[PDB]
């Protein structure tokens, strides 16, 4: 999609303090071979106090993003809140709370699920809503938030390719104006890969109690055995490349013209990483940052963009690739152009 009239007006993360991989190793929580292989130096870890429940971290991130863009809460016509896991109370609309705390009473709010890609997919959905004439305002608030805890989540081991960080991020879109122009978005998708996110886990009628520790790595191997696909790796490569190619082409931009790619926090540790597939070096991606925070739910792309702008790592005239990807397997990419520095 080529966007004629879409902007990023504000962006921010609320992250708790860093907890090092060295300390996880020393506490016997993390095998050092694994620490080294995945490259993640630290992840963000919140307290178990109620103030750090994911909808409250998101509320704080949303307020910071709205304040940094000087968008008026009264002009926000939509709230989308993306997440991966428990928001702290069940049978309850977390998104309305985020909306109520950061924007107010009369804004439609939805919870959004597209695993790790929710942050990015929310941009397409919000952008479409803002163009439609359904709501009066010119802006949409997009939030993410998670806080991982045990017994179910082991942040250091429950997913093979990454380690989970706690926290929230926020991105405000406008059809009016912003510090960055969204040139394009594009989604690559291959839903046959959903099986890799369930493996041979049975469909239970109720959550399994005492929760065993999640092992999404083991799921992918049972899933790949079950799927019996001849081109499994090629499926994943093709959707990632379709997203990259279409975002860049719709934006009249080549990869050589991308100053920075903000990417999901994940790592193989040997062989080809996502940057090799994208066609740019390691140091032109958000890796140096993401490896200090871990995979902050659906929020890596917002957080990484906030890192860039806050640390003046881009200037006007630079273009940035925001690159998603989450189990499903769905990947939404965007090309943004820096117009001015807040």
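Residue numbers count along the first chain shown, from 1.
300-308 set against 270-278, stretch whose average Cα temperature factor tops the other in the entry: Taking the mean B-factor of the alpha carbons in each, 270-278 is higher.
Please work out which of 74-82 and 227-235 has the higher mean CA B-factor as recorded in the PDB entry. Taking the mean B-factor of the alpha carbons in each, 227-235 is higher.
With respect to the C-alpha temperature factors reported in the PDB entry, which of 241, 261, 140, 123 ranks highest? Answer, based on the entry's C-alpha B-factors: 241.
C-alpha B-factor winner, where the candidates are 165, 111, 118, 133: When the deposited C-alpha B-factors of 165, 111, 118, 133 are compared, 133 is largest.
Residue 40 - Cα temperature factor, lowest/middle/highest third of chain: Tercile = middle for this residue's CA B-factor.
Which third, lowest, middle or highest, does the CA B-factor of residue 332 fall in along this chain? Lowest third.
Quick check for you: using the entry's CA B-factors within this chain, is residue 180 in the lowest, middle or highest third? Within its chain, residue 180 is a middle-third residue by C-alpha B-factor, going by the deposited values.
When the deposited Cα B-factors of this chain's modelled residues are ordered and cut into thirds, is residue 98 in the lowest, the middle or the highest one? According to the entry, residue 98 has a C-alpha B-factor in the chain's middle third.
Chain-wide C-alpha B factor ranking for residue 255, given as lowest, middle or highest third: CA B-factor rank for residue 255: highest third.
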